[PDB]
Every structure is written in C-alpha cells, then in structure tokens.
Amino acid sequence: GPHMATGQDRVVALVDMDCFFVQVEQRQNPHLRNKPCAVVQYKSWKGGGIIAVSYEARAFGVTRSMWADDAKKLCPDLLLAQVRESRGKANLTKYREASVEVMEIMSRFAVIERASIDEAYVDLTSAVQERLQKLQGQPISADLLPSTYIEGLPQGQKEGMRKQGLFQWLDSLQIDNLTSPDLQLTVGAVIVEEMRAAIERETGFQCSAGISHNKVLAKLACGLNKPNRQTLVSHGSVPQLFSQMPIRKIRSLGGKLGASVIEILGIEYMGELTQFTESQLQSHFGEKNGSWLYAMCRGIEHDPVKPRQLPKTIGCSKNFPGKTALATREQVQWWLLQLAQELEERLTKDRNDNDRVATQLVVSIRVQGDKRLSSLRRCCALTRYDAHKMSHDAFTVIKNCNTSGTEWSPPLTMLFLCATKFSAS
DNA sequence: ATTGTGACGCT
DNA sequence: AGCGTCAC
Ligand SMILES: Nc1ncnc2c1ncn2[C@H]1C[C@H](O)[C@@H](COP(=O)(O)OP(=O)(O)OP(=O)(O)O)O1
Ligand SMILES: [Mn+2]
Ligand SMILES: [Mn+2]
C-alpha cells in the first residue's frame with residue numbers, strides 16, 4: 001500500500017566496456033579496427049584460448065573460452081591479438097592500465113564501484129538532484145539521449161524503434177515533479193550519455209550502460225542493447241521484463257542457487273517469484289537469500305554502490321594443466337619465483353600510485369587429481385615487497401603438501417599468490 | 001587443456 | 001582462518 005517502499009530512491013548505472021580487451025588492442029593497432037577479431041592467451045595449445053571477441057567476430061559464432069583454432073573454423077578471416085607474456089605467464093598490465101584510464105574519467109561524474117576490470121557501478125542520485133535544480137522545469141529533449149533505449153517501449157529499422165520508444169517515454173514525463181523516480185532515471189540517463197561521450201572522446205573506447213534504481217537492474221539493463229548503447233529500466237517496466245526473464249540472467253542467480261530456485265519452486269522466470277511469501281522463500285533459500293529474492297522479483301534491491309575505485313586484492317595465478325603439471329621442487333620454486341616477481345612489480349607500482357601496502361600473502365595450489373579449483377589456501381605475513389622472500393615464504397607454507405620421499409608428488413596443476421589486507425601507507 | 005583474475009558468503 | 005560460490 002502507501003507504506004510499500006518501492007525501491008525507487010536511488011539512480012544507479014552500470015557501465016561496461018564493449019569487448020574491452022579487443023578495444024584496447026584495436027586502439028593500439030588500427031589494422032584490427034572494425035574487423036572480426038579476438039584476444040587470445042598463449043598460442044601452442046590449439047592456437048591459444050580466446051578471452052575477448054569483437055562484435056563482428058561474435059556474428060560468426062566466435063565466443064570466449066573457445067580455442068583459436070576452432071574459432072578460425074567458424075571465422076577463417078578472424079584476426080587475433082595476443083596477451084603479453086612475461087616471466088612465462090600471461091600479463092594483463094596493458095588492460096589494467098586501460099581500465100584505470102576509464103575509471104578515472106567515470107570518477108569525475110560520480111562515485112564509482114569498480115566491479116571488474118571493465119565495468120563499474122555509478123551512484124548518480126546526487127548528480128541527478130543537482131542537474132534537476134540546474135534545469136528549473138525545462139523539458140528533456142530527445143537530443144540529450146541519442147543512444148538511449150527505454151525498455152518496454154514503444155508499445156500500444158532498429159534506430160526508428162529506439163526513437164519511437166524514446167518519444168513515447170519523454171511525452172509521458174511529468175517534468176514539474178522533481179521527485180518523480182521516472183524523471184530522476186531520465187536525468188541519470190542524460191548524465192550517463194555525457195559520461196559515455198567523455199570516455200569515448202578521451203580514450204577511444206566505447207561502452208554500454210544500464211540505468212535503473214539499483215545495481216541488479218542496472219546490470220540487467222546494460223545487456224539489453226549492446227554494443228555502444230544504453231538502456232533505461234524503469235520501476236514500471238519490471239513486471240513485463242521479468243515475466244519472461246530466465247532466473248539465471250539476474251546477477252548472482254546464474255549458478256547453483258538459481259538452479260535450485262528453478263528446481264525447488266518449479267518455475268522458470270523471475271516474475272514467477274512474486275507468488276511466494278517472504279517466509280516461503282526464506283524457508284528454501286535462507287533468511288538473507290529469501291528476503292533478497294522477495295524484494296528482487298519486485299524490482300527492489302538495496303545493495304549500495306560502494307565507494308571503491310581500486311581492487312582490494314592483487315593476485316597472480318597460473319594453471320599447469322595435463323602434462324605441464326609441476327613434478328619437481330625446482331619447478332615449483334622457479335614458478336613461485338616467477339609469480340612473486342610479477343606480484344612484486346605490481347605491488348610496488350600500487351604502493352606508489354595508491355598510498356597503501358598489502359600485509360597478507362595468500363598462497364593457493366591445485367593438486368592433480370583434485371576436482372576443486374583450489375585444493376589448499378594458506379596465508380602468511382607479507383612484510384616486504386621482495387619477490388625472493390615472498391616465494392620462499394609461499395614454498396615454506398605449501399611444502400608439507402609434497403607426499404614424496406627432490407621430487408614433487410602429487411604434481412601441482414595451479415599456483416596462486418595473492419596480496420591482501422591493504423593498509424594506508 | 002577456458003585461463004587469470006577478483007568480490008563476497010559461510011562456518 | 002580456510003573453503004566455497006559467482007561473474008568477469
Ligand atoms: N574468463 C575470462 N578470462 C579472462 N578474461 C576474461 C574472462 N572473462 C572476461 N574477461 C576479460 C576480457 C574482456 O574484454 C573483459 C571484460 O569482460 P566482459 O564485460 O564480460 O566482456 P567483454 O567486455 O569482453 O565484451 P562485452 O562486455 O561487450 O559483452 O574481461
Ligand atoms: Mn564488457
Ligand atoms: Mn564486464
């Protein structure tokens with residue numbers, strides 16, 4: 001009823017760079033622009049593993065996780081850019097530094113939560129109030145929303161439809177009510193157009209975005225119209241949108257929890273969750289998950305945009321699959337040193353840029369025969385940014401996992417070093 | 001023989 | 001603390 005909180009208090013956007021690693025390589029190498037092309041890691045096994053794919057290449061069926069040899073079967077003219085190799089492993093520095101370029105621009109407009117290397121949430125609530133006060137009642141022109149889709153419109157050529165839906169939306173707006181959530185979302189979308197224009201002018205990178213009242217809806221919205229477009233998902237659009245939305249498409253429901261929601265309740269679509277009481281959902285999925293589901297299927301989520309532009313952890317990982325598994329102590333020591341040297345480089349740079357020091361070193365490994373991705377995770381003190389010391393300490397901490405009696409058994413299929421627990425410096 | 005990350009929850 | 005889930 002009237003006391004029914006509608007979860008319409010905030011304006012939240014999710015900005016995601018289109019095929020980000022590919023764009024980084026296309027900026028650097030103009031020969032790759034506007035072409036089917038992908039970014040690959042390594043090159044020996046089946047041509048390398050594809051980790052990013054241009055939209056031209058996606059049209060042929062090329063996807064992430066595909067081997068390059070197989071992608072070339074689908075797309076014989078596919079162009080490839082290789083991830084840099086340093087110290088025997090893939091090194092993602094070029095893409096981290098490009099991400100920082102973009103995040104720094106986004107931070108001029110509003111508070112950002114770095115959600116991954118290529119995407120960030122934006123809390124636009126205060127920016128919208130400021131922009132509304134600056135407007136003082138004038139209507140919002142379609143010209144201010146040149147790449148915006150209004151989800152669910154029009155109702156009652158793709159660009160033609162986009163413009164029809166946008167006109168229907170803007171005609172319907174009550175511009176004189178500064179408290180209308182729909183108006184607030186629209187102004188948020190204006191600001192996000194400006195943000196996206198700034199990113200493209202100052203980096204060359206294009207991105208898509210979602211604008212809604214919370215992070216889950218903003219992330220869902222972002223994927224509705226890609227690439228190089230943005231989508232506004234209003235509170236009112238939620239019943240129709242969710243009525244045919246597979247549960248696995250909502251952030252955090254793509255895994256075993258979503259599968260159990262489907263199996264236990266006997267439903268397929270997000271909207272079907274509205275038929276259950278909060279207590280019913282809590283009984284199946286726990287107190288937190290149940291309350292979250294009960295609100296989220298109504299379009300309501302309260303998870304804040306956290307003020308956090310930097311990663312909380314700095315990690316270095318390598319898999320050693322099949323016959324590359326490590327079977328000698330020297331092999332284990334040498335790779336621990338390689339990882340620790342990349343970690344030391346990145347940490348020293350982080351301490352200089354961001355005025356902080358890590359204090360905990362996490363060491364994880366995967367043993368051949370383990371079906372788990374991580375077999376053992378142990379922590380030690382990180383007291384100095386010294387690669388030899390970090391590697392000696394990781395060895396000291398994992399050494400009792402060798403069940404042999406110079407050899408290493410069972411052979412190691414993964415090494416992982418992660419610097420955590422940062423404190424101001 | 002998806003790899004290399006990175007955030008967060010549970011107990 | 002160590003392990004598990006989820007998504008890029
Ligand atoms: N499994 C992975 N392994 C390594 N890198 C990955 C993996 N998944 C995603 N990435 C990298 C490459 C991507 O360019 C970057 C951003 O991821 P993501 O937003 O999901 O897709 P994308 O930016 O490549 O295309 P788009 O967002 O337009 O669909 O992170
Ligand atoms: Mn992306
Ligand atoms: Mn992304």
Side-chain angles (χ1 to χ4, degrees), chain A residues 14-21 38-53 62-71 82-96 99 113-121 215-216 219-220 222-223 248-260 285-289 292 303-304 306 308 310-325 339 342-343 346 360-366 368 370-381 397-398 413-422:
Chain A
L14 184 275
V15 177
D16 181 296
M17 329 283 321
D18 299 334
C19 47
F20 184 45
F21 289 17
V39 173
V40 298
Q41 294 185 133
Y42 306 119
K43 207 83 187 69
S44 285
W45 189 257
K46 310 187 162 172
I50 290 170
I51 60 173
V53 190
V62 180
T63 65
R64 204 173 37 234
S65 90
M66 188 177 275
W67 298 115
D69 291 349
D70 303 328
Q82 294 185 65
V83 172
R84 175 186 295 127
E85 166 275 297
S86 300
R87 305 217 164 80
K89 66 180 292 299
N91 154 23
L92 306 168
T93 298
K94 186 194 304 184
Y95 316 109
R96 292 192 182 98
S99 177
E113 175 183 343
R114 179 201 200 268
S116 79
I117 195 160
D118 85 318
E119 74 214 76
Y121 295 96
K215 295 162 72 171
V216 165
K219 171 65 171 178
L220 190 64
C222 184
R248 67 182 178 266
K249 302 297 187 175
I250 291 322
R251 221 209 47 241
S252 80
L253 298 182
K256 320 183 165 180
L257 171 63
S260 73
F285 312 114
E287 292 200 335
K288 295 294 109 213
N289 283 332
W292 184 85
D303 186 19
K306 300 177 180 203
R308 186 201 65 240
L310 309 172
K312 313 172 49 103
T313 58
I314 292 183
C316 291
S317 173
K318 186 166 175 45
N319 289 356
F320 305 92
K323 307 242 146 152
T324 68
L339 287 188
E342 180 189 330
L343 184 56
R346 284 161 66 188
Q360 209 181 37
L361 177 68
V362 174
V363 191
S364 175
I365 66 164
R366 196 194 172 173
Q368 190 137 72
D370 236 62
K371 31 73 176 187
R372 334 226 284 302
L373 252 13
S374 166
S375 287
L376 160 146
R377 176 265 206 190
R378 303 255 185 288
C379 69
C380 60
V397 152
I398 72 157
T413 39
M414 185 268 294
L415 296 180
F416 175 73
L417 296 184
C418 188
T420 67
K421 309 254 172 103
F422 284 86

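Just so you know, these numbers use all the heavy atoms, side chains as well, and skip hydrogens, waters and symmetry mates. Chain A is the first sequence line, chain B the second, and so forth, proteins listed ahead of strands; every chain is numbered from 1.
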Tell me the interatomic distance from A:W45, atom CH2, to B:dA1, atom P, rounded to whole angstroms. 8 Å
Which nucleotide in B:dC8, B:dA1, C:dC6 has an atom nearest any side-chain atom of A:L257: C:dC6
Taking C:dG4, B:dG6, C:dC8 as options, the one with an atom nearest any side-chain atom of A:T313 is B:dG6
Ignoring backbone atoms, establish whether A:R64 has a side-chain N or O less than 4.0 Å from OP1 or OP2 of C:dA7. no
Can you check whether A:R372 has a side-chain N or O nearer than 4.0 Å to OP1 or OP2 of C:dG4? yes
Could you give the CD1-to-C1' distance, from A:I250 to C:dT5, as a whole number of Å? 18 Å
Please list, pair by pair, any protein nitrogen or oxygen found under 3.5 Å from a nitrogen or oxygen in nucleotides 9-11 of chain B.
none

Using a cut-off of less than 4.0 Å, is there contact between a side-chain N or O of A:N319 and OP1 or OP2 of B:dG4? yes
Indicate, with a heavy-atom threshold strictly under 4.0 Å, whether A:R248 touches base, sugar-phosphate, or nothing. nothing
Take atom CG of A:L373 and atom P of C:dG4, then tell me their distance rounded to the nearest Å. 10 Å
Quick check: does any side chain N or O of A:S364 sit under 3.5 Å from a backbone N or O of A:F416, one acting as donor and the other as acceptor? no
Would you mind telling me which of C:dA1, B:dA1, B:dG6 lies closest to the side-chain atoms of A:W67? B:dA1
Considering just the side-chain nitrogens and oxygens of A:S65, establish if one lies under 4.0 Å of OP1 or OP2 belonging to B:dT3. no
Between A:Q368 and A:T413, is there a side-chain donor-acceptor contact under 3.5 Å, judged purely by atom types and distance? no
Using a cut-off of strictly less than 4.0 Å, decide whether A:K256 has a side-chain nitrogen or oxygen near OP1 or OP2 of C:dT5. yes
Once you apply a heavy-atom cut-off of 4.0 Å, does A:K46 come out as touching a base, just sugar-phosphate, or nothing? nothing
Look at all strands and tell whether A:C418 reaches a base, only sugar-phosphate, or nothing, counting heavy atoms closer than 4.0 Å. nothing
Select base, sugar-phosphate, or nothing to describe what A:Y42 touches, counting heavy atoms under 4.0 Å on all strands. sugar-phosphate
Starting the side chain at C-beta, find the nucleotide from B:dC8, C:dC8, C:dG2 nearest to A:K219. C:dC8
Separation between CZ (A:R366) and CG (A:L373), nearest 0.5 Å, reads 5.0 Å
Choose from B:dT5, C:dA1, C:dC3 the nucleotide whose nearest atom is closest to any side-chain atom of A:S317. B:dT5
Assign A:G254 to base, sugar-phosphate, or nothing according to its heavy-atom contacts below 4.0 angstrom with the strands shown. sugar-phosphate
Looking only at side-chain atoms of A:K318, point me to the closest of B:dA1, B:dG4, C:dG2. B:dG4
Side chain to side chain contact (heavy atoms under 4.5 Å, CB included) between A:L361 and A:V397: does it pass, once the steps are laid out? CA-CA 10 Å; A:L361 177 68; A:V397 152; over 6 Å; no
Rounded to the Å, how far apart are A:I365 CD1 and C:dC3 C1'? 14 Å
Using the rule given for side chain to side chain contact (heavy atoms under 4.5 Å, CB included), can you reason through A:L415 versus A:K318, listing the C-alpha separation, both sets of side-chain angles and the distance that settles it, and then say yes or no? CA-CA 5 Å; A:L415 296 180; A:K318 186 166 175 45; 5.6 Å; no
Respond yes when some side-chain nitrogen or oxygen of A:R251 is under 4.0 Å from OP1 or OP2 of B:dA7, and no when none is. no
It should be established whether A:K306 places a side-chain nitrogen or oxygen under 4.0 Å from OP1 or OP2 of nucleotide B:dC8. yes
Between A:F21 and A:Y95, how do the two ring planes meet: parallel, tilted or perpendicular, split at 30° and 60°? parallel
In whole Å, I'd like the distance from the CG atom of A:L417 to the P atom of B:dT5. 11 Å
So does A:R96 get a side-chain nitrogen or oxygen closer than 4.0 Å to the phosphate oxygens (OP1/OP2) of C:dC8? no
Have a look at A:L376 and say if it touches a base, only the backbone sugar-phosphate, or nothing, with a 4.0 Å heavy-atom cut-off. sugar-phosphate
Identify the heavy atoms of A:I314 and A:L343 that sit nearest to each other, and give their distance. O-CD1, 3.4 Å
Could you tell me how far apart A:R366 (CZ) and C:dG4 (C1') are, to the nearest whole angstrom? 14 Å
What nucleic acid atoms does A:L92 come within less than 4.0 Å of, heavy atoms only: base, sugar-phosphate, or nothing? sugar-phosphate
Within the 4.0 Å heavy-atom criterion, would you say A:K323 contacts the bases, only the backbone, or no part of the nucleic acid? nothing
